[PDB]
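Remarks on the structure that follows.
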Amino acid sequence: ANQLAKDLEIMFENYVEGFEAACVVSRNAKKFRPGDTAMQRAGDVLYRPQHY
Amino acid sequence: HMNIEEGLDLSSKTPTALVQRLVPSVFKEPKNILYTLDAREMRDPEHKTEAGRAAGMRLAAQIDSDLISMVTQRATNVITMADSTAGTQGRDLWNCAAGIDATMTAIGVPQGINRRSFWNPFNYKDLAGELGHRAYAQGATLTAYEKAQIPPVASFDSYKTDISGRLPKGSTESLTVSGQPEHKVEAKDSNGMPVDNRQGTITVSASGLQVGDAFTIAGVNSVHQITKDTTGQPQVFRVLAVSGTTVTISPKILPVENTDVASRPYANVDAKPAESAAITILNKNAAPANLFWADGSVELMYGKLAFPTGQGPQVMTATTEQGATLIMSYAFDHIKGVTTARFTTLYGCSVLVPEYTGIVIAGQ
Amino acid sequence: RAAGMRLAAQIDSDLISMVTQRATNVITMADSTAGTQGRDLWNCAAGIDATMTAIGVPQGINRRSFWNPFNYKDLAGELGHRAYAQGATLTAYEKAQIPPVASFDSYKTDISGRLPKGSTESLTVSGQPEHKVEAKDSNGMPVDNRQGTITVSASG
Amino acid sequence: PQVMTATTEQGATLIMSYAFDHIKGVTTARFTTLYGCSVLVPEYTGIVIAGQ
């Protein structure tokens, strides 16, 4: 019969596949946690000595 | 995708507009085969038997041919090589297949998801000809020599496809992009229907381009889809429709620092075209494509029409070798003295992520 | 989900561009017209370790290499197209993975850093420059001894 | 605002914060991170470029 109702089939959490970053270089880097109070007093810079 | 913002105080910065992009997947018009037998012809039962056999396999083979044509036309990563006059054929194809995966990796397609390659019989032979002629005649070398089979290649599982898609012979004209086209991203249009963000439209200085072309624009390079850092490789665009100087292409030209702020998170490329930027058509010669994908982008969706049993015709179903439903219907008109036979199937083929797919063409 | 991963990916991009700008051992090769691709990249990687050794970087400490996807592919192509199609050759042919290279562990990086197109001018160092080591400057702030300043004749 | 903490793939700190403005009925949301990257000894690092 003529004049049937139509709607939208939207699958609201069936995402199509999507891109990523592997992060591999920064996952392999050495990590360091300086003290946040010290970094504030220092103005977000710190220094380390070199050998003689 | 989201913008990055700099500093502690953000009171001057616009928040990233969320854009709920949707991609359509749609059934084609139904695919059918019709034949008829009269009441004299039906005295020999081989005609129904052989025509039914022929109809069933011809619809199965069309699902494959439609999908192969679809993937060949939509795939956005494209690499070309001339056929080698030296011994380097097959090595140059391995370098091209690995170049597709290197490009997929550089744009940010996941590295851990499974990968498939479908080689036309000539370029599958070119790979087997390299691997079979290695100086240690054992194992994979000996299989490649004796039976022309190859193991996986360049991180792809390797398949030989008897049918393959062909790119056209590209134009010899010095085409250029007119204006500086720069597409926006939208969730839905002015009628409130979802917008397909995989396609956009450009103007070109003369009507030389063809459906299925692959081309690059002089100043335009792909970016990593998350960080938006340049790959340093040209972005390839696929022609999907033509109308004089107006051409529909895939993907959209979405720059980093797009004039539309809301689409900047969705950038594909490092810049928009310069004024009068040159078009380089990659498919200089017509050639059979070799198809590559990372899994989850390329799909067949299957339907079934509601053909009723027990009224009028007699109706039956079968399954193709790809899992598609066939409906077989037979109806006899006793005034005409004829049986009409209908074989029918309903499906759609789609490439949900044109970046998860690529093609290699040899012969330049 | 989108915001968490976009921030994580920026940390990688900033590190990669930092290391690219600051690294002082550099080796370059023309892209090979012969079959010597992959061999030439191995000569460069082994030249980096030989240089690190010759300046006195400890030989015992662990070593890492991060290859852009195109040059990782060039090494995999060389190793996979060898005559004995078994073991490491077969892995490099089938799946494009490579072993450690020239004492470095080998990693494929999806994002990579870039150097600009260098000037074609015939530049020269002006004066006869010679730096000195300092603990602190004339205002008493620390001096970064990793860097110094020179004059060059034509600004390219 | 509501304030929460998470960790990236590399071990970096994410701060997530949400502020609801009830007379206009909106939540603004912020994700933020603080880091530095450094080469402490340039001589311990090198690069290779092809294409000369």
Side-chain angles (χ1 to χ4, degrees), chain A, chain C residues 1-24 55-58 61-69 71-72 96-98 100-101 104-114 131-137 140-147:
Chain A
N2 304 76
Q3 306 192 356
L4 305 185
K6 193 191 296 178
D7 69 1
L8 298 175
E9 180 76 331
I10 304 167
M11 307 181 72
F12 283 102
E13 66 184 48
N14 277 238
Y15 295 94
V16 307
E17 304 304 330
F19 311 102
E20 75 177 28
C23 298
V24 72
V25 183
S26 57
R27 286 182 70 140
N28 275 276
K30 201 194 72 174
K31 303 104 181 181
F32 179 42
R33 271 257 62 215
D36 296 295
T37 305
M39 292 301 276
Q40 170 50 29
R41 263 97 84 128
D44 306 308
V45 186
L46 66 77
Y47 298 88
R48 278 168 282 190
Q50 318 195 245
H51 297 96
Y52 294 145
Chain C
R1 189 208 63 67
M5 86 181 299
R6 179 62 182 102
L7 285 164
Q10 192 60 44
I11 300 173
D12 205 47
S13 180
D14 286 3
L15 180 68
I16 284 167
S17 54
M18 177 61 70
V19 178
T20 303
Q21 190 195 83
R22 301 303 175 96
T24 47
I55 70 187
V57 179
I61 65 180
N62 178 64
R63 277 160 164 68
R64 297 177 148 103
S65 64
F66 307 93
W67 297 88
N68 70 68
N71 297 146
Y72 191 93
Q97 292 172 5
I98 70 186
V101 167
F104 301 93
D105 288 353
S106 60
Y107 301 95
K108 188 195 304 176
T109 185
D110 49 348
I111 165 166
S112 67
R114 303 184 71 83
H131 302 157
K132 69 178 69 177
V133 186
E134 303 180 68
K136 62 187 174 71
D137 69 15
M141 285 293 178
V143 172
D144 184 6
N145 311 108
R146 301 174 299 166
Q147 61 176 293

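Within every chain, numbering begins at 1; the chains are lettered A, B, ... in the order of the sequence lines, protein sequences first and strands thereafter. Computed from heavy atoms alone, side chains included, the values below leave out hydrogens, waters and symmetry copies.
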For [X], does the [atom1] atom have more than 12 heavy-atom neighbours from other residues, nucleotides or ligands under 6.0 Å away?
X: A/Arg27; atom1: CZ; answer: no
X: A/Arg33; atom1: CZ; answer: yes
X: C/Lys132; atom1: NZ; answer: no
X: A/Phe32; atom1: CZ; answer: yes
X: A/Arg48; atom1: CZ; answer: yes

Looking at chain C, which one of A/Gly18, A/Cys23, A/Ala21, A/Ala22 has the largest number of heavy-atom pairs inside 4.5 Å, strictly under?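 That would be A/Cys23.
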Identify which part of C/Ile16 has an atom lying under 4.5 Å from any heavy atom of chain A, answering side chain, backbone, both or neither.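 It is the side chain, since no backbone atom gets that close.
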Pairwise side-chain contact, C/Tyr107 with A/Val25, heavy-atom cut-off 4.5 Å (strictly under):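 A side-chain contact is absent here, since even the closest heavy-atom pair is not under 4.5 Å.
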Is any side-chain heavy atom of A/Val24 closer than 4.5 Å to a side-chain heavy atom of C/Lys108?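 No. Closest side-chain heavy atoms not under 4.5 Å.
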Which of C/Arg64, C/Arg6, C/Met5 touches chain A most, by non-hydrogen pairs under 4.5 Å: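 Top option by heavy-atom pairs under 4.5 Å: C/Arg64.
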Quick check for you: to the nearest 0.5 Å, what is the distance between C/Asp110 atom CG and A/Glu20 atom CD?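 Rounded to the nearest 0.5 Å, the CG-CD separation comes out at 8.0 Å.
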Quick check for you: to the nearest 0.5 Å, what is the distance between C/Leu15 atom CG and A/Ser26 atom OG?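 Output value for this atom pair is 6.0 Å.
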